[PDB]
Amino acid sequence: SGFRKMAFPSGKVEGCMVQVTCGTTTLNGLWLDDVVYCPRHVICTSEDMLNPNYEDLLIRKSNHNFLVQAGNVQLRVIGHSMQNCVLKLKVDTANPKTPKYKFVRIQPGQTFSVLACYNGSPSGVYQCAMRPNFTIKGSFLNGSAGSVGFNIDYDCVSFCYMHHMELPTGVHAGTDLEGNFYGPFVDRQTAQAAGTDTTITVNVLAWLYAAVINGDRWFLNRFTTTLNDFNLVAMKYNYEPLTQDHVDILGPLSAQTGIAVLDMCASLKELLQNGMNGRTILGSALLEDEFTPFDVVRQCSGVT
Amino acid sequence: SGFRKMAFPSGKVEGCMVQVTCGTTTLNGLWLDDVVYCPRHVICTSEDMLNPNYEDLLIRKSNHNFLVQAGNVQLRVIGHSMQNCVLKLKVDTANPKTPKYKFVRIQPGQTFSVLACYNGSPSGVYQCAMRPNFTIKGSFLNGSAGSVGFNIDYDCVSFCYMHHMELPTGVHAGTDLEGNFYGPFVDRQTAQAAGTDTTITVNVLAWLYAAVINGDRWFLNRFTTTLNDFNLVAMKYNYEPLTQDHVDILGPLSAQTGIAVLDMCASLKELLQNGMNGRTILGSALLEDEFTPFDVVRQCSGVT
Amino acid sequence: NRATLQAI
Amino acid sequence: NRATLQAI
C-alpha cells in the first residue's frame, strides 16, 4: 500500500538524450535511429528570439553549424530540416540504444513522465499532467529545452512532449514530437498567457478511490447524487463536467471499493462545499487532480 | 522555475535489478559485479514468516535452491551467505552494467530515490525521505521487496536502502545495503509499530526558501525571532529542534533570497500558529518536510 | 495487526 | 512579462 506520485523508469529515454549546440545557443535533443529532434529555437541568437523568422534563420544555416554531442562523442550532422517547431538533424550514426517507440499526442487531463535534462545529461525525473489549458506545471530552468515527456507500455516508449519555454506565470509550454504546440502558444519571447485553467474532475475522483483503497475513508458518506446535480456543483467550483464515459472509466475502481461513482461524487460535493476541516487525504490538504484512473490502477495493482 | 518532487534518473539502477526466487517465494535482487543482494526472507515459506530462525532456514538451502533471472537469462549461483538481514548470492557472471557505486547509510531527514520493482522488472521511480522514526512513506505492494533506494553524485550510485516490509499503519521499513535495519524493526510478520514521528524543521525551511525563489512570498513578514524562542514553538507543534548547523546549512538559500534564517523562522512560527487561511505554498496546503536543503539547491540551480 | 514481508 | 525560451 501507499500512494505516491510515480514516474516511469527513465533508462530507455536517458540513452536517447544528446546535447545540440548552434552558435552560442545550446539545448537537448532526442536521438532515435539516425535522427536528432530538438526545439527549433536552438538556431536563434539571443536577439533573434523576440520575433524570429525561423524559415529565414534556418536557410542561413548548414549541417556544420550544428554540433551534436552524445556523451563525449560528436555525431556528424549530414542533413537538417524543419518540421513545425522542431528540427530534424540527420546524423551519420543510428543510436544503438533506440528503444521501441511511438510519437503520440496526449489529451488534457493525461499524465506523463518528464526526464529533465541539461547539456544532454539527465538531471531528474518527475510526473506531470497536461492541464486543461495546455500548460504543464513542471520544473525547468534555462537549458532544459528539448527534455521530453513520455509514457512506457511494455517496452515501448510513447513520446508525447518536448519542452520549449516558460510562460510568465511560471508554467511551461511545449510541443508534441511532430513539433505542434500544445495550446495557443508560440516559440517567441513575447507576452503570452495561458487560458483560464480548470480542475480535472475524473482525476480527483480517481485519487479519492486511491485514498479509500489505502484506508482514508473519513470523507465517505451515505449520500448519493445524480450526474446532473453533481455537474451543477462542478461548474460552480471550476471543475470540468463529469461524463458518462468518465463514470465508465472509473468502473473498475468503483467495483474494487464497492463505492458507486455517483456515491463518490456526493463525497466530492461535500468536500467542495465544506473543505476538509483540518484533515488530509493521502497526505494532502487539497483535492489532487494529476492522477488519472490508469495511474491509480497501475500503482494500487503493480504493473512492472 | 517551478518546484517538483524529483527523483534521480534511474537507468543506472535499472540495469542492476534481477529477480530472485527460492521455492515458491520471489522478490528482487541487486546485481553488482558477481554478487546479488536480496532480502533474506526470500528463503521463508509463508508459514516460516511469523517466527523465522534465519540461520536454520539458510543452513537447509544450497546454491541450486536460488533461481536468479536477469531478464530472460538465468544466472548460476555459485555461493551464498547471510549478512545481517540480506543474502549475498555469488553468481558466475559479473554484471556488465555495474555502475560506480557506494553503500552508504543515511540519516533521518535525508531523501533518496526509490526504484520500485516487481519480478526483477522496474515499475516506477519516486522520491522518499527517511522519517525521524526510521520509516519511509513509500508505495510498495507484495513482491516489491528488494527494490532499492539511492542517490546519484556524478556517475556514482550511493545505495542507501533496500525494501523489506510494510508496517500495520501502511508505512514501510527496510535496511541499508549491509542488511542493517533502519529503526527498531525486524523481518518478521509480527505486531510492530513505529515510534512517534516528528516534522523535519530544516526541510520545511528549505521548502519555504524554494517557495520564495519561485515567487510565493505571501507568508513572509517583517518579524524575526531568536533560535531559542523558535525552538519553543517547534517543540509545541512536534517539530524537530533547529540547530545552528541547520541555520548554517541554510546559508546559501538565505543569501540567494536575502531572507535571514531566523527571519524565515518567524514566518514558520506564524504559519504554525495561524495556518494558511486558505492559501497555498508551491501548490500545497500543508507545510512540506521531505525536501532537503540540497534538494532545493539542486532543483532551483540545475545540476545534471 | 501484523507487519507484512513484501516478497511474494 | 514575456515568455522565456529555455535553451541556453
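Residues numbered from 1 in each chain as written, not as in the entry; some residues may be left out. Chains lettered and ligands numbered in written order. Heavy atoms only, no water. Residues with missing side-chain atoms left out of burial classes, pairs and counts.

- In the nomenclature of the PDB entry, chain A corresponds to 3C-like proteinase from the organism Severe acute respiratory syndrome coronavirus 2.

### A closer look at the overall build of chain A
Alright, step 1. Across its full length, chain A carries eight helices and 13 strands.
Alright, step 2. Its C-alpha atoms give chain A principal-axis dimensions of roughly 70 × 40 × 30 Å. (Helix = DSSP H or I, 4+ residues; strand = E, 2+ residues; numbered from the N terminus.)

### Remarks on the interface of chain A and chain B
The extent of an interface is frequently quoted as the accessible surface area lost upon association of the parts.
Alright, step 1. With 43 residues of chain A at the interface, the matching set in chain B holds 43 residues.
Alright, step 2. Mapped by element, the contributors of at least two residues to the side of chain A that touches chain B are α1 (11-14), β9 (111-118), β10 (121-129) and α8 (293-299) of chain A.
Alright, step 3. Considering every element that reaches the side of chain A that touches chain B, the biggest residue donor is β10 of chain A, with eight residues.
Alright, step 4. Along the lines of polarity and charge, the residues of the side of chain A that touches chain B split into 17 nonpolar, 19 polar and seven charged. (Contact = heavy atoms within 4.5 Å. Nonpolar A, V, L, I, M, F, W, Y, C, P; charged D, E, K, R; others polar.)

### So, unusual backbone geometry
Alright, step 1. One non-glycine residue, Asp33 of chain B, lies in the positive phi region at around 50°.
Alright, step 2. Inspection of the secondary structure puts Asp33 of chain B in the loop between β2 (25-32) and β3 (35-39).

### Considering the pairing of strand β4 (residues 66-70) of chain A
Residues and elements named next belong to chain A.
Alright, step 1. Only one face of β4 is covered, namely the face carrying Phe66, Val68 and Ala70; the face carrying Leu67 and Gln69 is uncovered.
Alright, step 2. As defined by bridge partners, strand β1 (residues 17-22) adjoins β4 across four bridges and the pair is classed as antiparallel. Bridge assignment links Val20 to a residue of β4, and that residue is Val68.
Alright, step 3. As paired elements, β4 and strand β5 (residues 73-75) share three bridges and run antiparallel to each other. Paired with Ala70 across the strands is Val73, a residue of β5.
Alright, step 4. Between β4 and β5, which pair antiparallel in sequence order, lie two residues; one of them, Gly71, sits at a positive phi of approximately 65°. (Buried < 20%, exposed > 50% of the residue type's maximum accessible area, 1.4 Å probe, protein only. Pairing = 2+ DSSP bridges.)

### Thoughts on the sheet that holds strand β6 (residues 77-83) of chain B
Residues and elements named next belong to chain B.
Alright, step 1. Here seven strands make up an open sheet; going across it, the order is β5-β4-β1-β2-β3-β7-β6 and the pairing antiparallel. At either end of the open sheet lies a strand with only one pairing partner, and these are β5 (73-75) and β6. With strand direction ignored, the average angle separating the axes of adjacent strands in the sheet is 30°. (Axes fitted to C-alpha atoms, helices over the stretch in contact; angles between N-to-C directions.)

### Comments concerning the arrangement of the chains
Alright, step 1. The chain pair with the greatest number of contacts, out of five pairs of chains in contact, is formed by chains A and B.
Alright, step 2. With no contact formed, the shortest span from any C-alpha in chain C to any C-alpha in chain D equals 43 Å.

### Some details on the packing of aromatic side chains
Alright, step 1. What the rule picks out here adds up to 18 aromatic pairs over all chains.
Alright, step 2. Between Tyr101 of chain A and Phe103 of chain A, the aromatic rings sit 5.4 Å apart at their centres with planes inclined by 45°, giving tilted as the arrangement.
Alright, step 3. Every member of this aromatic cluster is reached through a ring pair, and the members are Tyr37, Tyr101, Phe103 and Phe159 of chain A.
Alright, step 4. Lying over the aromatic face of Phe291 of chain B, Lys5 of chain B brings its terminal NZ or CZ to 4.9 Å of the ring centre.
Alright, step 5. Across from the ring centre of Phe8 of chain B, 4.0 Å away, lies the NZ or CZ of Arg298 of chain B, which sits over that ring. (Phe/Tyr/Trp six-rings, centres within 6.5 Å; stacked < 30°, edge-to-face > 60°. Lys NZ or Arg CZ within 6 Å of the ring centre and 35° of its normal.)

### A look at the side chain of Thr257 of chain A
Residue and element names in this part refer to chain A.
Alright, step 1. Note on placement: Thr257 falls in helix α6 (residues 251-257).
Alright, step 2. You can call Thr257 buried: its relative accessible area is 18%.
Alright, step 3. Polar side-chain contacts of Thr257 include one of 3.4 Å to the backbone oxygen of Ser254.
Alright, step 4. With residues near it in sequence (within four places) discarded, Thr257 still touches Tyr209, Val212 and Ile213. (Polar contact = N/O pair within 3.5 Å; in protein donor to acceptor, adjacent residues only side chain to side chain.)

### Quick word on the environment of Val20 of chain A
Residues and elements named next belong to chain A.
Alright, step 1. By the element assignment, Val20 lies in strand β1.
Alright, step 2. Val20 sits 18 residues away from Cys38 along the chain, and the two C-alpha atoms are 7.6 Å apart.
Alright, step 3. Beyond its immediate stretch of four places on either side in the chain, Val20 contacts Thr25, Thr26, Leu27, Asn28, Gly29, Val36, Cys38, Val42, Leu67, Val68 and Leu89.

### As for the relation of the copies chain A and chain B
Alright, step 1. In screw terms, the move from chain A to chain B is a rotation of 180° and a rise of 0.0 Å along the axis, fitting with an RMSD of 0.0 Å. Here the transformation between the copies is reduced to the relation of a two-fold axis. For chain A, the minimum C-alpha distance to the rotation axis belongs to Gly11 of chain A and amounts to 1.8 Å.
Alright, step 2. Most of the interface of chain A is mirrored in chain B: 100% of its interface residues are interface residues there too. (Least-squares fit on C-alpha atoms.)

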